[PDB]
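Q: Structure file protein13.cif, mmCIF, C-alpha atoms, is pasted below:
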data_coords
loop_
_atom_site.label_atom_id
_atom_site.label_comp_id
_atom_site.auth_asym_id
_atom_site.auth_seq_id
_atom_site.Cartn_x
_atom_site.Cartn_y
_atom_site.Cartn_z
CA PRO W 10 9.34 3.88 5.90
CA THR W 11 7.39 5.36 2.93
CA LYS W 12 8.76 8.34 0.89
CA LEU W 13 10.78 7.83 -2.35
CA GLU W 14 14.46 8.71 -2.97
CA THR W 15 15.80 11.01 -5.74
CA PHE W 16 17.50 9.41 -8.79
CA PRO W 17 18.17 10.73 -12.30
CA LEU W 18 16.17 9.63 -15.38
CA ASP W 19 18.82 7.02 -16.37
CA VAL W 20 18.32 4.74 -13.32
CA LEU W 21 14.58 5.09 -14.00
CA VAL W 22 13.91 5.63 -17.72
CA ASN W 23 15.42 2.68 -19.68
CA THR W 24 13.15 -0.38 -19.29
CA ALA W 25 10.18 -1.29 -16.99
CA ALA W 26 9.74 -1.37 -13.17
CA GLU W 27 12.72 -3.79 -13.22
CA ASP W 28 14.91 -0.88 -14.46
CA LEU W 29 13.94 1.82 -11.91
CA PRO W 30 15.82 1.73 -8.57
CA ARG W 31 14.39 0.74 -5.14
CA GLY W 32 11.36 2.86 -4.20
CA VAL W 33 10.27 3.83 -7.74
CA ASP W 34 6.92 3.43 -9.56
CA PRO W 35 6.53 2.87 -13.33
CA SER W 36 3.32 5.00 -13.46
CA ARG W 37 4.60 8.09 -11.56
CA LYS W 38 8.25 8.02 -12.77
CA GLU W 39 8.44 11.86 -12.99
CA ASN W 40 8.09 11.98 -9.16
CA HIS W 41 11.44 10.11 -8.79
CA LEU W 42 13.31 12.70 -10.92
CA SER W 43 15.12 15.29 -8.74
CA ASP W 44 14.01 18.97 -9.07
CA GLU W 45 16.33 19.21 -12.13
CA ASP W 46 15.36 15.73 -13.41
CA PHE W 47 11.63 16.54 -13.50
CA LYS W 48 12.53 19.96 -15.01
CA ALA W 49 14.92 18.45 -17.64
CA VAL W 50 12.85 15.45 -18.79
CA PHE W 51 9.50 17.32 -18.70
CA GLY W 52 10.98 20.83 -19.19
CA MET W 53 8.59 22.03 -16.44
CA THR W 54 8.16 21.93 -12.63
CA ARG W 55 5.39 20.29 -10.56
CA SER W 56 3.55 23.64 -10.19
CA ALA W 57 3.09 23.71 -14.01
CA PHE W 58 2.46 19.93 -14.19
CA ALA W 59 -0.63 20.47 -11.98
CA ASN W 60 -2.11 22.96 -14.51
CA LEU W 61 -1.62 20.47 -17.40
CA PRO W 62 -4.56 19.09 -19.44
CA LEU W 63 -4.18 15.29 -19.67
CA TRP W 64 -3.33 14.79 -23.36
CA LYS W 65 -0.07 16.75 -22.87
CA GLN W 66 0.56 15.20 -19.40
CA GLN W 67 0.55 11.68 -20.87
CA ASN W 68 2.62 12.83 -23.89
CA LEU W 69 5.01 14.38 -21.34
CA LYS W 70 5.51 11.06 -19.53
CA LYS W 71 5.49 9.01 -22.78
CA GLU W 72 8.11 11.49 -24.13
CA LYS W 73 11.05 10.13 -22.06
CA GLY W 74 9.62 6.70 -21.09
CA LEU W 75 7.06 6.55 -18.24
CA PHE W 76 3.60 6.44 -19.85
#
I'd like the structure from this file rewritten - as C-alpha coordinates, please.
A:
Amino acid sequence: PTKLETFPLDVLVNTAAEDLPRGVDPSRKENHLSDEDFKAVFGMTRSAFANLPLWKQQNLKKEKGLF
(Lines of atoms letter the chains of each structure in order from A and count residues from 1; the text may use other names and numbers.)
(Lines give C-alpha, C1' and ligand atoms only; values in the text may rest on other atoms or scores of the structure.)
Protein backbone atom coordinates (compact mmCIF):
# COMPACT_ATOMS: atom_id res chain seq x y z
CA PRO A 1 0.00 0.00 0.00
CA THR A 2 1.39 3.46 -0.96
CA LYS A 3 5.09 3.96 -1.96
CA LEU A 4 6.22 3.92 -5.64
CA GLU A 5 8.51 1.36 -7.35
CA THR A 6 11.78 2.15 -9.21
CA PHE A 7 11.78 2.08 -13.05
CA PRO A 8 14.11 3.63 -15.62
CA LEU A 9 13.21 6.72 -17.69
CA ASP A 10 12.11 4.59 -20.70
CA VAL A 11 9.09 2.96 -18.96
CA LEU A 12 8.21 6.48 -17.77
CA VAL A 13 9.43 9.11 -20.26
CA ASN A 14 7.86 8.37 -23.69
CA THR A 15 4.19 9.47 -23.66
CA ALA A 16 1.69 10.54 -20.92
CA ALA A 17 0.46 8.86 -17.69
CA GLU A 18 -0.61 5.98 -20.00
CA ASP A 19 3.12 5.36 -20.73
CA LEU A 20 4.51 5.30 -17.16
CA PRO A 21 4.24 1.95 -15.32
CA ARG A 22 1.94 1.12 -12.35
CA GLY A 23 2.47 3.51 -9.42
CA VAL A 24 3.88 6.48 -11.41
CA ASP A 25 2.77 10.14 -11.60
CA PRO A 26 3.11 12.37 -14.70
CA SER A 27 3.88 15.48 -12.56
CA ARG A 28 6.61 13.97 -10.31
CA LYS A 29 8.19 11.59 -12.87
CA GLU A 30 11.75 12.25 -11.55
CA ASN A 31 10.72 10.52 -8.27
CA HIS A 32 10.18 7.21 -10.17
CA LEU A 33 13.74 7.27 -11.62
CA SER A 34 16.14 5.09 -9.57
CA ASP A 35 19.11 6.85 -7.86
CA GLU A 36 20.97 6.61 -11.21
CA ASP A 37 17.85 7.45 -13.26
CA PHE A 38 17.23 10.74 -11.40
CA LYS A 39 21.01 11.41 -11.60
CA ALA A 40 21.22 10.57 -15.35
CA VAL A 41 18.09 12.34 -16.63
CA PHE A 42 18.51 15.41 -14.36
CA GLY A 43 22.32 15.08 -13.95
CA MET A 44 21.79 15.81 -10.21
CA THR A 45 20.55 14.12 -7.00
CA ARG A 46 17.53 15.01 -4.83
CA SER A 47 19.76 16.95 -2.36
CA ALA A 48 20.65 19.37 -5.21
CA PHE A 49 17.09 19.30 -6.64
CA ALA A 50 15.86 20.77 -3.32
CA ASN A 51 18.21 23.80 -3.70
CA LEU A 52 16.92 24.48 -7.26
CA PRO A 53 15.15 27.74 -8.21
CA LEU A 54 11.95 26.86 -10.13
CA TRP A 55 12.78 28.03 -13.66
CA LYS A 56 15.59 25.43 -13.85
CA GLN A 57 13.54 22.78 -11.97
CA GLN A 58 10.78 22.94 -14.60
CA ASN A 59 13.34 23.04 -17.44
CA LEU A 60 14.94 19.99 -15.77
CA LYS A 61 11.68 18.01 -15.89
CA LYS A 62 10.69 19.37 -19.34
CA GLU A 63 14.22 18.38 -20.52
CA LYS A 64 13.54 14.60 -20.68
CA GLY A 65 9.70 14.64 -20.70
CA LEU A 66 7.88 15.22 -17.37
CA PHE A 67 6.94 18.91 -17.23
Q: Using all atoms listed in the file, what residues lie at most 7 Å away from (18.3, 2.6, -12.8) (file coordinates), given as a ChimeraX atom specification?
A: /W:19-21,28-30
Q: If we count all atoms listed in the file and set the cut-off at 12 Å, which residues sit around residue W:16, ignoring sequence neighbours fewer than 5 positions away in its own chain? Please answer as a count of residues only.
A: 17
Q: Name the residues in contact with residue W:25 at a cut-off of 10 Å, using only C-alpha atoms, excluding same-chain residues fewer than 6 positions from it; report them as JSON, numbers by chain.
A: {"W": [34, 35, 36, 74, 75]}
Q: When distances are computed from all atoms listed in the file, which of W:50, W:17, W:23, W:55 shows the smallest separation from residue W:68?
A: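 Smallest distance to residue W:68 is found for W:50.
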